[PDB]
Each structure stands twice: as C-alpha cells, then as structure tokens.
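Comments concern the structure below.
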Amino acid sequence: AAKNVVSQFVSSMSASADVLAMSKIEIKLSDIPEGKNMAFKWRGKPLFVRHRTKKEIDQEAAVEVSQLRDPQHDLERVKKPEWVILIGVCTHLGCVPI
Amino acid sequence: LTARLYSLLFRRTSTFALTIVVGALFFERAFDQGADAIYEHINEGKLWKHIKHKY
Amino acid sequence: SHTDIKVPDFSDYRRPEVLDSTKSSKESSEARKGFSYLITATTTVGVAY
Amino acid sequence: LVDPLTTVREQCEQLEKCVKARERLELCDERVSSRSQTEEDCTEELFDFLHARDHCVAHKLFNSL
Amino acid sequence: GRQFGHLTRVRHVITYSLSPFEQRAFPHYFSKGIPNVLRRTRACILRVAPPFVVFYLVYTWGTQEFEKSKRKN
Amino acid sequence: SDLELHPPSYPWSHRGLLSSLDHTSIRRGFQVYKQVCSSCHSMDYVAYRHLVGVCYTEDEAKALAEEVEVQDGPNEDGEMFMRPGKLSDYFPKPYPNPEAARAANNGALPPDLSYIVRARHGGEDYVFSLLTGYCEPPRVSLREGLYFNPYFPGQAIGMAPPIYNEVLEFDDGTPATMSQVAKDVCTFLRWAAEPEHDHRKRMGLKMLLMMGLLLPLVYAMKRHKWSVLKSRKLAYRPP
Amino acid sequence: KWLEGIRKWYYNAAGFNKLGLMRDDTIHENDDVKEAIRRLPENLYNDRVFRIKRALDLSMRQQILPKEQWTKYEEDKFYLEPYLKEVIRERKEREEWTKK
Amino acid sequence: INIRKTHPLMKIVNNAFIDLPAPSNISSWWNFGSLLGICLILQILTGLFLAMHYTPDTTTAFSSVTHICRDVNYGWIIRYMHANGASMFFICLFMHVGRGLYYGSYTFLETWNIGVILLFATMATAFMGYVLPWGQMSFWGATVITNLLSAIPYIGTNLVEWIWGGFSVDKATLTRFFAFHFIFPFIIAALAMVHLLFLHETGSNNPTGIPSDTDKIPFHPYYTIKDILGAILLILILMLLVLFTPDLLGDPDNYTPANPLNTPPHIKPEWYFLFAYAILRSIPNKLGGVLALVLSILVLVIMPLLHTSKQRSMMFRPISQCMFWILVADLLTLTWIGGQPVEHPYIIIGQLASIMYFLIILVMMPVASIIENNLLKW
Amino acid sequence: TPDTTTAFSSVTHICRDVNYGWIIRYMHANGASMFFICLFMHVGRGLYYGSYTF
Ligand code: HEC
Ligand code: HEM
Ligand code: HEM
Ligand code: FES
C-alpha cells in the first residue's frame, strides 16, 4: 500500500494530459533571405531554419571532422546543403545560441 | 535638571511608561515637522506643491 | 590574610562627581541614575516610534 | 532653431584627447581607403572618439540646459 | 553546557567589580581607543592584506588584458 | 564587433542622494510621450490615476482620458463598443499582438517603455545617448533597412530618430530642441520606472535622522551594561 | 641551528606569549587531553586556571599585557607533555590489545 | 519558588535566552547567529505579505508583481525588503560560516553537519524564490539549473522531465517553485532549532579556542542588548540598501518579461551564487562541473575530518591564518570571475582559481597544520 | 493558481487532467471532514472523562 501511494504521488508530479497534447506542424522556408536564421516555437523550444552561403558549406567541408568530439560531416547534418533545419537549443544545458 | 527628572519620571514604572508614550507622540509631531522641512528645503523648486500653487 | 585583602583603586574609571572620598553617594545619586535612565528612555522612545 | 547640443558638441572637441581621436579616425579612413575592399572597418577609432567627446560633453553641458 | 554550578573548580580567586552607575560610560575613549586600534591594525594587516593586494593586482591585470585583447581591432 | 560603449555620467536633477524629480519635467515628458512615442511603443502598466497627483491636477487627467476612447465590454448585446474611459484605463496599446508589432516594422518588436530605465545596463543616460547619438558608419553598410547608432549592442537599431528639432512646440515657451525633449523623456521614463522616487527619498531622510538619533544611544546602553565586565579585576590567592 | 631561530621567532609572533600564557595553556581538549588535565598536581592546576581566566579577561577587553610580564621563551616551563604522553601510550596499548 | 524555573515553557526560555552560560569573550563575529535569526523571521513576514499579493501563473506573475510595486500601498518597500533581505541573509550566512571555520568551531560534529544541511536548504530556497518573479533571468536560470540536474546519467533526464512539470518551463514549474519556496523556510526554522539544540548541548566557543568553563556569563542582559545593537546595525544597512540604491545589487536584466526566445548575452545569477556558477563554467565537462560543485559543499562537510592540529583556533597559528586569508581572497576572486563573461584571461584564471581553492582546502590546511605540530615540539 | 478568473478552472484542471489529482483533492476535502470528526471525538473525551482538570 505504501509503494502504491508513493507511485501515485510521483505520477501526480510527473506531467499532465494536456501537456502531452503536443505534436507535428508544418513550417515554411520561403521568407528567409541569404545567410539568416528564423525561429519557430515548437514543444516549448525554438526551431531554427537558416539559409546559408555555399562558401560556408565549402569552408565547413574544409574543416576536419576527427577533432570534433561528435564526428559528423555537414552532409550528415542536412539534406539540402545550405538550408539547415535545427532544434535551436544548445545541448549542454538549454540555451539558444547567438 | 536631572534630579527632578529622576525624582518624577523614573522611580515608578507606570510613570516611565506614561512618559515614553507622551515623548513618542511629541517626537512624532516635531520629527515629522523637521523631516518635511528638510526634505522640502533641499528640493525647493521642483516639487508638486509649488506647481499646484501655479494653478 | 583576609585583612591583607585591599580592593584596588578605580580612580581612572569613576564618574567625576564621586572622585573624592569625602563627598557622599546619597547626595548625588539621582543625577547619575537619571542620566543613565535618560539614555534608556531616549532609546525606548526611538524604538517605539 | 538654435540648438544647444550641437553648440556644445562643436565647442567641446577643442581638447587634446578629442583632437588625437579625430586624427585616429582620419588615419583609419586613410587606412581603409588605402587597403580598399577589406574586412577591417574602423571600429575602435570611432568608438574612442565618441567615448572622449561624449565624456567632455557629460562634464560641462547641463549648466546651459 | 549545563546550567551554573557544576562546571569547573577554582581556588582562591578574587574578582572585584564596580557598579555601572558608579563609573563612567566611555573610559578614555579617545586617548586609549586610538592606540588600541592602531596596535590591533598593525598586528593584522601583514596577515590580512597581502592576499588582497594580490586580488587588486589580479583585477587590474585582468581588466588590462581584456582591454588588450579588444583594443587592437 | 561587440565593442560596447558605456554611456557617460550625466548630472541629472535626481542624481544626488536626496534630490527629487522635477514634476514639471515629468509633465513635459508625458506630453512628449503622448504626441511622439506612443505610436510604436507600449507602456502597459501606467494608468491615468498615477498621473492625478504627481504632475497634473485631476481635471486635465479626465481631459486626457476623454481625448482617447479605448474599449468596453458588451452592451448586453455582445458588440464591444467604444468607451471614452474615465480614469481607470491603462494607456492604449497601439499594437494588439507582438506579431502585429512585427507586421508593421522590420521585425523589431518595440520594447515596452515601462521598465526600459531599470531593464538596460546603464540607467536613463543610456536612453539619452540612444536618442541622441545618431551618426554615420565609417565603412560598414548593413542592409539599408536599419539605422546606425553606436550605443546599442549589435550597433544597428531599427528605430527612426524620432525627434528632429521642434515636432511638438508644447505649452510654455520652452522651444523643442533635441536637448529639451530628450531630457523630458528621460525624466518621464525614470518616473514611469520608479513611481515612488520622492517618497523613497523622504523615508531615506527620516531614516538618516533615525540613525543619527539611535546609534549613539543604543550603543550607549550597550556600553553602560557592559561597563561591568570591561573593568572587573582579578587576583590569585593561594593558601 | 637556525631552525631554533625560527622557533624563537615563531614563539614570539605566535600570539600566545602576549596574553601571559605558557606553552600548555592553549591545548585543544579531546578525551585524552581532558584526562591529562585531570592528572595534575594542585598548585599547577590552580596556576593554570588562573592564567586561563586572565587570558579570557584580557581578550574580553582586547588589551595585551605590558612588556615586563610577557612569558619568555627561555623559561618555557612546559609541563603537561609527560602526562599527555602517558595517556597516549596507555591509549595506544589498549587499542593494540583490542586489535590483536 | 519562581515562575521561570518551574514552568515548562519558561524552562526552555531559561535555558535559551536568560541563564544560558555564554562565554565572556565572544567578539562581534558571534552576533551573526541572532542576525540570521532576525533576517529569517523578517524574510518570513515580508514574504508572507508578498504572498498575500501574488498570483502564481506564467501569464500574470510579472503583472501581479508590477501591481504590487505600483498599486498596493508600500508593496515596493516590502518587496525590496524581501530581496535585499535575501542578500543580507547570505552576507550574514557566509560570515557565520567564516567564523565557524576560522575559529576552529568545526571540531563540533553534529552541529556542523546540521549547519551544512541548513546551507543546502537556504541555497535551494533562495534559488526557487529567484525563479518566482518570472523574468528573463529567472526563466533561463530555472532552465539551466534543471538541465544541470539532468547532467547525471541513468537518473537525470527522467528526474528533470519529472520536476519540469512538462517538457519545458511551463505553468507547472512556476507553481511548483512557488509552493516549495513558500514551504522550505519553515523547515529551515525547524532545522535551525535542531542546530541550536545541539549547540546548547555542547557549549559555545570563544576567540582563543581555550575552553571557557571558568568564565561563563549569563546571556541576559549582556548579549541580549549586544544582539539588539547588532540588529539595529543590520536593519540600518538593509534599509539604506532598500531606500537609496535598491538596484546596486539586483540584476538589471530581470525586469524584462519572460520571452523564451531571446537568451540575453550576460546571463548570471544573483550575486550570491556566482562562485557556484564559476566552478561550473571553468571546467569543460558536464558531469565534472556538477560533481565539482557538489564536491565543493561536500568539502565543507569534509572539513572536521582534517583537524590534525593541536590548538583549536587559528588565532595562534599565523601560517594557517595567512593561508585562510588566501582562501578568502580566492573565494572573492571566484565570485568576481563568475560575475563576468567568458574569454581567454577569464578562462585561465577561473580554472586557476578553482584549482587553488581545492588545493588550499584539501592540501594546504594539513601541511600548515603539520608544520605547526612539528614546530612547537609536539 | 489563485486568480478569480481561472481559480475554478484551475481546480477543474486538477480534477480532470492531472494524474490522480482527483484522488488528492477528494482526499484533502474528506480528510478535513474526518479531521473535524476526530476533533469533536477528542473534545468529547476530554470533557466527559474529566481531563479538564488540566
Ligand atoms: C516607430 C517608428 C517608433 C517610434 C515613433 C519610436 N520608436 Fe523606439 N523603437 C522602435 C523600434 C522598431 C524599436 C526596436 C529596435 C530594436 O532593434 O530593438 C525601438 C526601440 C526603442 C528602444 C530600445 C532600444 C534598445 O536599447 O534596445 C527604446 C528605449 C526606444 N525605442 C525609445 C523610444 C522613444 C523614447 C521614442 C519616442 C521619442 C521612440 N522610441 C519612438 C520604433 C519606434
Ligand atoms: C540557516 C542558517 C543558519 C542559522 C539561522 C544558524 C543559526 C545559528 C545560531 C543561532 C547559532 C548560535 C549563535 C552563534 O553561535 O553564532 C549558530 C551557531 C553555529 N552555527 Fe549556525 N546557523 C546557520 C547556518 C550554519 C551553517 C551553514 C553552519 C556551517 C556548517 C553553521 C555552523 C554553526 C556553528 C559552528 C555554530 C557554533 C558557533 C559557536 O559556538 O561559536 N551554521 N548558528
Ligand atoms: C516562507 C517565507 C517566504 C515567503 C512567504 C516568500 C515569499 C516570496 C514571494 C511571494 C516572492 C515573490 C515576490 C518577489 O519576487 O519579489 C519571493 C521572492 C523571493 N524570495 Fe522569498 N519568500 C520566503 C522566504 C525567502 C527566503 C528565506 C529567501 C532567502 C533568503 C527568499 C528569497 C527570495 C528572493 C531572492 C526572491 C526574488 C525577489 C525578486 O527578484 O524580486 N525568500 N518570496
Ligand atoms: S554552453 Fe552550457 S548551455 Fe550552451
């Protein structure tokens, strides 16, 4: 009885039902000019869509990958090489990068 | 000067309580007079009472 | 031994009214007590206000 | 209209620090005109001139105003 | 730690205490207080301050090196 | 760039440790805010009852509130008509939505002027130098959609310089330079930031007279009751 | 050797010859030191509590003794150390008897 | 015989405030017990009035606080009393800890451990209260410290989506922190009573470290008027701080409303938590940073286990005295470095200040202690 | 959330949407009623068995 009361109180502090009512969206990329980022709210976090320069792609292909603590090529990060689509939050502790 | 003050207001206790109440009220009156006097003496000019007197 | 016990001299510390051995204490107590009680009364008035 | 602020700003840049800052901005102008089409574009000189000029403005303005 | 009475054991010790209404409030507060504060200051600044002048040097040197890093541009 | 510039130290009339604001200057700054700055920004938490006893009288407060009709509830029909608004209204928001605020400017949400004095590093001197120091870039062209003003992190504001030499010419003589309008709007923003600067300085003065009174005397009582232990003496008798 | 010069300068600048204390008036008291204090002759024990009461008095007034009554390093009558050594030896002997 | 020595309440009041034997030597540094008590009851009272005028929801929290500081009579002075009383509360708390560490009062064990638990409780309480005004700094402080709790593997992410009240800082986070900030100081008061109970069991200390069993004086009416004097000094400092420069310590960046999109450049705590944030961002490792912070306050737990000297105080040990003042200047250096941005000289001397902090405590105190034990022939 | 526009809606949100919040709400209310039941039993004991000589 004690562990079931504790389980019910911890589940009372877990979440809600209407907070679990968050799902997909569709986002448009037509408005953004060259080399700039646009943000969109989604699950309480920003949502980056950035248009980039082909020269930024070339420089990012020139920089090495094995020095990075998560080895990942730029073409692994994105489908179309300049229009990059990100969840705009730093994965350390939850900040939006400048 | 001091001997009459001790002979009156400091032998008994109830008289001491009575004089700290009466002194607190007199200090209230004179202290608020002095406080508003100094505060509207160092901000002469730019205060709402004179601007009200314009009207 | 207990007659050999002589209380030291606090002449640096006493109030100036009671410096000499000649002048009594009952004839000048009220000014000292009223001064200290005046300090306590002014403190009490400030705290209460 | 007779502006007081522009009067104070034109009369306060006589001081030596503001003069040296004026020539700093002019030599940076000579630099980016010289090394033309560059990516080093006269920041510190203009900020230092505004620093010195607006501090001497801060010293001696609100008497007039 | 307990109440009075059963703490220690003292043999013959004589304590004199004067009345507070008998003695002055401030006994020579500006002929001994100033040598006492200068003595207690001189016996502590050589153990307190030589870390704080190092902190003052660190503050000034860090300010100067941040201005060094940003004032070339 | 990220070379921030600290705004200078300006000798205000509320700079000292006991000085007060200038209520005539607050009134001029409010006339400025009504006729210039209220077309883009919002100052949500300044109602008209704050203006009754501070600068104006009560009659011109009713006049200024009945100049601008705001909004009201249903007239038992659900139609949301126009009420003149007696005194209890807040100031009329120009834009309903933040998206509506972005939908008439180059992005660039106009910040809300209730707390811009207390919200930015540097006080109202920052607002003075931001309103004042419009100048030109040496070499850096950015997009020609925004303007250049060096007292700004990012060094490119999206606000047009809204002053330009007698756009108001208000009640008394007092011709609208850049200086008069900027001084009045900085004073007014300091008032709208802290509504009780005057009463704060009043209680500060009463408190300094308090700690002139009590601090010799509580310390005198402490010295008196501790004057037994500060003069007790000792002697050691053995058998 | 100069390390004795360090010890003499340290006993000068350590601050417990200022208040009229000797070497063993400042010892921290755990159970062992409480036992070694209880194992004392009567005259040394009374002189000890008298010097301790003068030290607490002089630190209450924050006044430090004149030049002619500071305790000097040449006559350092440290006395509590033999009893404290005996307490430590009997305690360690009891500990070793428990360990084996 | 007497009213006081028979009545069950007045025996407690007698063994606390009247006939408690206190030493006749304690300086002004033994006033901060009563100053923390008076600050704690002042926080409870002024916060209770603020909680009477507050609506905890993410829509209307900032609006309600603005309603307090404009429309309610004297809500501005009660709010400023609460905030700057938190600041003076941590000033007197670090002076209390500095006393108890310098004068060798960490030879007490159970009082010291209940002390450290009180330090944990007051720091968590003041952080939740700093989340409560729902400004930009409060929003990002809640976000970053909750992800710091998510740093630990196998426990973290579930625990942090559990105390998030959702998946980010939603309404439920603001209401949870309102409730825990609004309950935890009563637990702090109960553990303060337990702290004081173990003290009155053992007995107090003095600036010499010699046990003062011969010269106890009663608490009343010497130290009562001494603590009244200390309280008047504290109230004048607190009130001059709230009536002349209320913004001299507070953050400018709080007063914007909570936009979850901006992330301002100069993110920082309120000034009392700078060194906790300076140990964190001066170690380029997530678990290493949060573990080094927890190990800092657990080093304060460790401190009774390294009393290998044979005096008690540091009054008579000048070498350890100089090393303690190096420790004080190093903690103030950590506070200053935490209150700055992050660049190359700041990175280097932040790393060096954290390293020198751990080197001073865990190594330099016993080395100074063993030179003391060698040097006086013991 | 104590706000007179959304206080009743907040209580309804507790009762409907939060996991087991209805059990906690009804436990609080009925525990208050059982609390006063036990309190009047306690006062009845204290009056009837003459414990009011303390
Ligand atoms: C519409 C054209 C505006 C008028 C008229 C005024 N302001 Fe403005 N202001 C406007 C915008 C679009 C912005 C945002 C720019 C940005 O990048 O933030 C602003 C900004 C401000 C600020 C804040 C700037 C900062 O330091 O971040 C302030 C203090 C400000 N504006 C004040 C202000 C005043 C006092 C005005 C009346 C004289 C005024 N603005 C007019 C748009 C417009
Ligand atoms: C919640 C905040 C705290 C309060 C209200 C508090 C309160 C007190 C009080 C009232 C005393 C008795 C008076 C005194 O000796 O100064 C005391 C003593 C003491 N406290 Fe705390 N304390 C707090 C936090 C701490 C902390 C964090 C520590 C460190 C771990 C600590 C360690 C001590 C010690 C060592 C003493 C004994 C000091 C002595 O006898 O000289 N306290 N505390
Ligand atoms: C149980 C007693 C307490 C109550 C009822 C209480 C209540 C409140 C309330 C209602 C607020 C919001 C008002 C505001 O933000 O200004 C608040 C904020 C705050 N509280 Fe408390 N509080 C209590 C104890 C404490 C304690 C013990 C501390 C730490 C010393 C503390 C520190 C703070 C801080 C720092 C803020 C933020 C102030 C600000 O930024 O304006 N509180 N408290
Ligand atoms: S670096 Fe710590 S959160 Fe981005």
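Just remember, in the structure tokens the first chain shown is A, the second B, etc., residues are 1-based per chain, and ligands are 1-based in the order shown.
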Counting only C-alpha atoms, what is within 6 Å of stretch 13-25 of chain I, bar same-chain residues fewer than 5 positions away, as a list in words?
residues 12, 16 and 17 of chain A
Dump C-alpha atoms for the selected residues as a PDB file, in the first residue's frame?
```
ATOM      1  CA  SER A  12       0.851  13.046  -9.896  1.00  0.00           C
ATOM      2  CA  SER A  16      -0.452  16.393 -17.205  1.00  0.00           C
ATOM      3  CA  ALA A  17      -2.649  15.187 -20.048  1.00  0.00           C
TER       4      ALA A  17
END
```
Taking only C-alpha atoms into account, what are the residues of chain F at most 8 Å from chain B, put as a list in words?
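Using only C-alpha atoms, chain F residues at most 8 Å from chain B: residues 18, 19, 20, 21, 22, 23, 24, 54, 55, 57, 202, 205 and 206 of chain F.
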Generate a file of the selected residues that holds N, CA, C and O atoms, formatted as a compact mmCIF listing (two decimals), in the first residue's frame.
```txt
# COMPACT_ATOMS: atom_id res chain seq x y z
N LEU F 18 19.74 62.72 -2.04
CA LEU F 18 18.46 63.16 -1.50
C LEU F 18 17.61 63.94 -2.49
O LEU F 18 16.50 64.34 -2.13
N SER F 19 18.08 64.17 -3.70
CA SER F 19 17.37 65.03 -4.63
C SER F 19 16.13 64.33 -5.18
O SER F 19 16.03 63.10 -5.19
N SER F 20 15.17 65.13 -5.63
CA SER F 20 13.91 64.63 -6.15
C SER F 20 13.81 64.89 -7.64
O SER F 20 14.65 65.55 -8.25
N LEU F 21 12.75 64.34 -8.23
CA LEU F 21 12.45 64.58 -9.64
C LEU F 21 11.82 65.96 -9.83
O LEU F 21 11.41 66.62 -8.88
N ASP F 22 11.74 66.38 -11.08
CA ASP F 22 11.13 67.64 -11.47
C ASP F 22 9.78 67.32 -12.08
O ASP F 22 9.71 66.76 -13.18
N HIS F 23 8.70 67.69 -11.38
CA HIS F 23 7.38 67.28 -11.83
C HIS F 23 6.92 68.06 -13.05
O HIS F 23 6.16 67.53 -13.87
N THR F 24 7.42 69.28 -13.24
CA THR F 24 7.16 69.98 -14.49
C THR F 24 7.85 69.28 -15.65
O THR F 24 7.29 69.18 -16.75
N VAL F 54 0.63 63.42 -9.13
CA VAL F 54 2.08 63.53 -9.28
C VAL F 54 2.45 64.76 -10.09
O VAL F 54 3.24 65.60 -9.64
N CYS F 55 1.92 64.88 -11.30
CA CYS F 55 2.24 66.01 -12.16
C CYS F 55 1.04 66.89 -12.43
O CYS F 55 1.07 68.08 -12.09
N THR F 57 -3.19 68.07 -12.30
CA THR F 57 -4.30 68.03 -11.37
C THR F 57 -5.21 66.88 -11.79
O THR F 57 -4.82 66.00 -12.56
N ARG F 202 12.15 60.54 0.85
CA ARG F 202 11.61 61.05 2.10
C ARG F 202 11.87 60.09 3.26
O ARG F 202 12.36 60.49 4.32
N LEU F 205 15.49 60.06 4.21
CA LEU F 205 15.89 61.19 5.05
C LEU F 205 15.46 60.99 6.50
O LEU F 205 16.25 61.25 7.43
N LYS F 206 14.22 60.52 6.71
CA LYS F 206 13.77 60.21 8.07
C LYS F 206 14.62 59.13 8.71
O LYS F 206 14.92 59.19 9.90
```
Test item, strand (DSSP E or B) assignment across stretch 25-246 of chain H, answer as a list in words:
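Taking stretch 25-246 of chain H and keeping strand (DSSP E or B) only, one gets residues 135, 216, 217 and 218 of chain H.
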Selection within 6 Å of ligand 4 by only C-alpha atoms and all ligand atoms, output as number ranges by chain
A: 90, 92-95
Neighbour list for stretch 32-35 of chain F as a ChimeraX atom specification, cut-off 9 Å, only C-alpha atoms, skip fewer than 4 positions in-chain:
/F:27-28,39,168,170,181,184-185,188
Residues at most 9 Å from residue C:17, counting only C-alpha atoms, excluding those fewer than 5 positions away in the same chain, as a PyMOL selection string?
chain C and resi 23+28+32
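Put simply, atom CA of residue B:50 is 13.7 Å away from atom CA of residue F:25.
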